[PDB]
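Q: Pasting a structure here, questions to come.
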Amino acid sequence: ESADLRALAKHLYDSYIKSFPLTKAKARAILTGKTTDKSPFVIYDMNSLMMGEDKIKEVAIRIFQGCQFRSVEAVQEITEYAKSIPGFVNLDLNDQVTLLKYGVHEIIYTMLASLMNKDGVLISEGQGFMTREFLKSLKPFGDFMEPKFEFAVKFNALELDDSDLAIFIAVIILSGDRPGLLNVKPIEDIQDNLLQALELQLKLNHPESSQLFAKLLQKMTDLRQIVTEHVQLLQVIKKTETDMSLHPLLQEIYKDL
Ligand SMILES: O=C(CCCC[C@@H]1CCSS1)NCCOc1ccc(CC2=[SH]C(=O)NC2=O)cc1
């Protein structure tokens with residue numbers, strides 16, 4: 001019955017709000033000049049990057065490690081979200097590990113789009129904002145943000161809100177095509193449910209948006225290509241800069257094939 005799927009949707013949106021401090025709703029309010037939320041300081045160049053301290057080593061390296069620390073933070077937020085998905089903590093621990101390993105970046109880049117417009121990305125819980133052009137002007141680092149921006153601009157076109165994203169993020173984790181899974185069937189059973197709940201939510205929440213469900217599912221291939229591209233680019237950056245750390249959490253997630 002649809003009735004159960006609605007309760008599942010409401011549960012998931014609720015733990016999404018509890019798990020992620022910076023929702024798309026707050027991000028969009030910050031980004032469009034709304035009075036619910038303050039203004040960001042904008043980092044468009046190096047001097048603005050320095051002023052960003054009075055009110056919120058090399059530069060491309062600091063920025064990149066910042067993306068790492070934020071990711072390490074998001075992995076925690078995503079992991080707490082995962083535990084709220086009905087059934088997830090009942091799975092074999094190794095499969096729990098495998099689902100997070102492969103799902104976490106796909107989720108990070110989905111939710112990063114929430115913080116993006118054509119021109120840039122919120123940073124530091126929305127206090128600041130750093131232009132897409134500044135990030136494109138950084139030789140090995142100058143291109144690392146561009147595919148995320150490209151996907152975010154297409155993804156934001158779906159006009160999804162947080163209650164839709166909560167379910168879709170859950171669908172991403174509960175994949176079951178992930179490499180190395182022990183018991184695929186109990187994972188697929190959870191996802192069948194999540195897919196029905198997502199399908200119903202999009203239908204109720206976006207009634208004049210034909211086949212939004214299919215188009216959202218199609219954006220999953222883009223996410224996979226962002227991740228696999230970023231892994232290749234991550235290899236390059238680590239060899240050209242032998243002095244750049246990678247957090248051990250991200251290192252473990254980025255298992256060579
Ligand atoms: O840019 C910002 C914040 C800048 C930080 C502040 C600055 C400190 C000093 S100055 S400001 N947020 C959006 C950036 O988009 C990304 C891209 C990748 C990731 C996760 C990564 S990166 C990697 O190699 N592996 C990963 O899992 C996270 C965010």
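In the structure tokens, chains take the letters A, B, ... in the order shown, each chain's residues start at 1, and ligands count up from 1 in the order shown.
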Write down as a list in words the residues of stretch 104-216 of chain A whose backbone DSSP state falls under strand (DSSP E).
A: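 Matching residues, listed in order: residues 116, 117, 120, 121, 122, 123, 128, 129, 130 and 131 of chain A.
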Q: Take the selection from the previous step and output its residues with C-alpha atoms, as a PDB file, in the first residue's frame.
A:
ATOM      1  CA  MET A 116      25.932  24.993  -6.109  1.00  0.00           C
ATOM      2  CA  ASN A 117      24.657  27.358  -8.756  1.00  0.00           C
ATOM      3  CA  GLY A 120      29.877  28.827  -7.425  1.00  0.00           C
ATOM      4  CA  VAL A 121      29.517  26.794  -4.256  1.00  0.00           C
ATOM      5  CA  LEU A 122      28.717  27.563  -0.644  1.00  0.00           C
ATOM      6  CA  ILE A 123      31.513  26.722   1.780  1.00  0.00           C
ATOM      7  CA  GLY A 128      31.149  31.763   2.581  1.00  0.00           C
ATOM      8  CA  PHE A 129      30.830  31.205  -1.146  1.00  0.00           C
ATOM      9  CA  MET A 130      33.634  30.471  -3.593  1.00  0.00           C
ATOM     10  CA  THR A 131      33.213  31.158  -7.291  1.00  0.00           C
TER      11      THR A 131
END
Q: Grab me every residue within 6 Å of ligand 1, counting only C-alpha atoms and all ligand atoms, and send it over as a VMD selection string.
A: chain A and resid 62 to 63 66 to 68 70 to 71 123 234 250
Q: Those residues you just picked out, can you put them in a file as an mmCIF file, in the first residue's frame with N, CA and C atoms?
A:
data_model
loop_
_atom_site.group_PDB
_atom_site.id
_atom_site.type_symbol
_atom_site.label_atom_id
_atom_site.label_comp_id
_atom_site.auth_asym_id
_atom_site.auth_seq_id
_atom_site.Cartn_x
_atom_site.Cartn_y
_atom_site.Cartn_z
ATOM 1 N N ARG A 62 45.469 24.199 0.180
ATOM 2 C CA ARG A 62 44.542 24.443 1.279
ATOM 3 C C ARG A 62 43.101 24.182 0.841
ATOM 4 N N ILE A 63 42.721 24.668 -0.346
ATOM 5 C CA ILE A 63 41.362 24.473 -0.850
ATOM 6 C C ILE A 63 41.057 22.988 -0.976
ATOM 7 N N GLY A 66 40.585 21.313 2.223
ATOM 8 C CA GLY A 66 39.279 21.707 2.708
ATOM 9 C C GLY A 66 38.175 20.828 2.159
ATOM 10 N N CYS A 67 38.182 20.590 0.846
ATOM 11 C CA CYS A 67 37.246 19.632 0.272
ATOM 12 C C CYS A 67 37.401 18.252 0.906
ATOM 13 N N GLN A 68 38.610 17.898 1.341
ATOM 14 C CA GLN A 68 38.789 16.610 1.997
ATOM 15 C C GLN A 68 38.160 16.607 3.380
ATOM 16 N N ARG A 70 35.776 18.516 4.577
ATOM 17 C CA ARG A 70 34.326 18.544 4.442
ATOM 18 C C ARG A 70 33.798 17.162 4.085
ATOM 19 N N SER A 71 34.468 16.480 3.154
ATOM 20 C CA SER A 71 34.083 15.123 2.780
ATOM 21 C C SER A 71 34.136 14.180 3.975
ATOM 22 N N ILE A 123 30.423 27.349 1.056
ATOM 23 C CA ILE A 123 31.513 26.722 1.780
ATOM 24 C C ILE A 123 31.303 27.047 3.242
ATOM 25 N N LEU A 234 42.454 12.168 -8.682
ATOM 26 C CA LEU A 234 43.086 12.033 -7.377
ATOM 27 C C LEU A 234 44.442 11.326 -7.474
ATOM 28 N N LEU A 250 39.193 8.735 3.694
ATOM 29 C CA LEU A 250 39.043 8.769 2.240
ATOM 30 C C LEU A 250 39.971 7.762 1.564
#
Q: Could you list, as a PyMOL selection string, every residue within 8 Å of residue A:56, counting only C-alpha atoms and ignoring same-chain residues fewer than 3 positions away?
A: chain A and resi 41+52-53+127-128
Q: For the residues selected in the previous step, produce a file with N, CA and C atoms as a PDB file, in the first residue's frame.
A:
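File written: again-v1.pdb
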ATOM      1  N   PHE A  41      30.142  35.641   2.521  1.00  0.00           N
ATOM      2  CA  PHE A  41      31.306  36.338   1.999  1.00  0.00           C
ATOM      3  C   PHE A  41      31.789  35.586   0.769  1.00  0.00           C
ATOM      4  N   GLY A  52      38.527  36.314   3.812  1.00  0.00           N
ATOM      5  CA  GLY A  52      37.579  35.336   4.315  1.00  0.00           C
ATOM      6  C   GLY A  52      37.781  34.878   5.749  1.00  0.00           C
ATOM      7  N   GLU A  53      38.871  35.305   6.384  1.00  0.00           N
ATOM      8  CA  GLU A  53      39.197  34.880   7.739  1.00  0.00           C
ATOM      9  C   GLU A  53      38.717  35.854   8.799  1.00  0.00           C
ATOM     10  N   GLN A 127      28.596  29.992   5.385  1.00  0.00           N
ATOM     11  CA  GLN A 127      29.102  31.318   5.750  1.00  0.00           C
ATOM     12  C   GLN A 127      29.804  32.001   4.587  1.00  0.00           C
ATOM     13  N   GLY A 128      30.438  31.228   3.715  1.00  0.00           N
ATOM     14  CA  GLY A 128      31.149  31.763   2.581  1.00  0.00           C
ATOM     15  C   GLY A 128      30.626  31.158   1.285  1.00  0.00           C
TER      16      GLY A 128
END
Q: Write out as an NGL selection string each polymer residue whose atoms come within 10 Å of residue A:159, counting only C-alpha atoms; drop sequence neighbours fewer than 2 positions from it.
A: :A and (154-157 or 161 or 164 or 206 or 209 or 212)
Q: With distances taken over only C-alpha atoms, which residue among A:239, A:57, A:34, A:148 lies nearest residue A:136?
A: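 Of the candidates, the smallest distance to residue A:136 is held by A:148.
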Q: Using only C-alpha atoms, determine which residues lie at most 9 Å from stretch 240-244 of chain A, disregarding the query and same-chain residues fewer than 6 positions distant; provide the list as a list in words.
A: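 The neighbour list is residues 61, 65 and 140 of chain A.
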Q: Save the residues we just selected, N, CA and C atoms, as a PDB file, in the first residue's frame?
A:
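See out12.pdb below for the written result:
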ATOM      1  N   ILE A  61      46.358  23.898  -2.478  1.00  0.00           N
ATOM      2  CA  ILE A  61      46.480  22.784  -1.546  1.00  0.00           C
ATOM      3  C   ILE A  61      45.568  22.971  -0.341  1.00  0.00           C
ATOM      4  N   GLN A  65      42.499  20.355   0.517  1.00  0.00           N
ATOM      5  CA  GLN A  65      42.359  19.706   1.813  1.00  0.00           C
ATOM      6  C   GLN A  65      41.049  20.087   2.465  1.00  0.00           C
ATOM      7  N   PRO A 140      47.568  21.080 -11.767  1.00  0.00           N
ATOM      8  CA  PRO A 140      46.890  19.833 -11.483  1.00  0.00           C
ATOM      9  C   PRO A 140      45.537  20.037 -10.783  1.00  0.00           C
TER      10      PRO A 140
END
Q: Which of stretch 10-229 of chain A end up as helix (DSSP H, G or I) when DSSP is run on this backbone - answer as a PyMOL selection string?
A: chain A and resi 10-19+24-31+46-55+59-84+88-90+93-114+132-136+146-156+162-173+184-205+212-229
Q: Just the residues within 12 Å of residue A:189, please, counting only C-alpha atoms, with nothing from its chain fewer than 5 positions along; format it as a ChimeraX atom specification.
A: /A:86-88,91,171,174-176,183-184,194-196
Q: Using only C-alpha atoms, which protein or nucleic acid residues come within 12 Å of residue A:214? Drop anything in the same chain fewer than 6 positions from it, and give the result as a PyMOL selection string.
A: chain A and resi 158+168+195+198-199+202-203+220
Q: How far is it from atom CA of residue A:228 to atom CA of residue A:137, in Å with one decimal?
A: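 Going from atom CA of residue A:228 over to atom CA of residue A:137 covers 22.6 Å.
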Q: Can you write out as JSON lines which residues of stretch 157-180 of chain A fall within 9 Å of stretch 5-27 of chain A, alongside each residue's closest atom pair and its distance in Å to one decimal, counting only C-alpha atoms and ordering rows by chain and ascending residue number?
A:
{"residue": "A:161", "atom": "CA", "partner": "A:24", "partner_atom": "CA", "distance": 6.8}
{"residue": "A:162", "atom": "CA", "partner": "A:24", "partner_atom": "CA", "distance": 6.1}
{"residue": "A:163", "atom": "CA", "partner": "A:13", "partner_atom": "CA", "distance": 5.0}
{"residue": "A:164", "atom": "CA", "partner": "A:13", "partner_atom": "CA", "distance": 7.9}
{"residue": "A:165", "atom": "CA", "partner": "A:13", "partner_atom": "CA", "distance": 8.1}
{"residue": "A:166", "atom": "CA", "partner": "A:13", "partner_atom": "CA", "distance": 5.2}
{"residue": "A:167", "atom": "CA", "partner": "A:12", "partner_atom": "CA", "distance": 6.5}
{"residue": "A:170", "atom": "CA", "partner": "A:12", "partner_atom": "CA", "distance": 8.1}
Q: For those residues, write N, CA and C atoms to a file as a JSON list (two decimals), in the first residue's frame.
A:
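The resulting file, again.json, is reproduced below:
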[["chain", "number", "residue", "atom", "x", "y", "z"],
["A", 161, "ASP", "N", 13.62, 18.76, -3.95],
["A", 161, "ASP", "CA", 13.80, 19.31, -2.63],
["A", 161, "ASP", "C", 14.29, 18.23, -1.69],
["A", 162, "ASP", "N", 14.50, 18.63, -0.43],
["A", 162, "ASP", "CA", 15.15, 17.78, 0.56],
["A", 162, "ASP", "C", 14.35, 16.51, 0.83],
["A", 163, "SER", "N", 13.02, 16.61, 0.85],
["A", 163, "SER", "CA", 12.24, 15.40, 1.10],
["A", 163, "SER", "C", 12.35, 14.43, -0.07],
["A", 164, "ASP", "N", 12.61, 14.92, -1.29],
["A", 164, "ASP", "CA", 12.88, 13.98, -2.38],
["A", 164, "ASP", "C", 14.29, 13.41, -2.26],
["A", 165, "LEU", "N", 15.25, 14.25, -1.88],
["A", 165, "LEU", "CA", 16.64, 13.85, -1.87],
["A", 165, "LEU", "C", 16.90, 12.82, -0.80],
["A", 166, "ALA", "N", 16.21, 12.95, 0.34],
["A", 166, "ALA", "CA", 16.36, 11.98, 1.41],
["A", 166, "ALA", "C", 16.14, 10.56, 0.90],
["A", 167, "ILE", "N", 15.11, 10.34, 0.08],
["A", 167, "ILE", "CA", 14.81, 8.99, -0.39],
["A", 167, "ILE", "C", 15.82, 8.55, -1.44],
["A", 170, "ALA", "N", 18.95, 7.47, -0.09],
["A", 170, "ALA", "CA", 18.80, 6.13, 0.47],
["A", 170, "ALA", "C", 18.84, 5.07, -0.64]]
Q: Looking at only C-alpha atoms, which of A:226, A:187, A:111, A:135 is the one that sits closest to residue A:49?
A: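 Ranking A:226, A:187, A:111, A:135 by distance to residue A:49, first place goes to A:135.
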Q: May I ask which of the residues A:215, A:185, A:59, A:210 is the closest one to residue A:95, counting only C-alpha atoms?
A: A:185
Q: Would you compute the distance between atom CA of residue A:173 and atom CA of residue A:93? Give it in Å to one decimal.
A: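 It comes out at 14.1 Å.
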Q: What is the atom CA of residue A:145-atom CA of residue A:177 distance in Å, reported with one decimal?
A: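 About the pair atom CA of residue A:145 and atom CA of residue A:177: they are 27.4 Å apart.
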Q: Which residue is closest to residue A:106? Choose from A:213, A:151, A:134, A:141 and count only C-alpha atoms.
A: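 Smallest separation from residue A:106 among the options: A:151.
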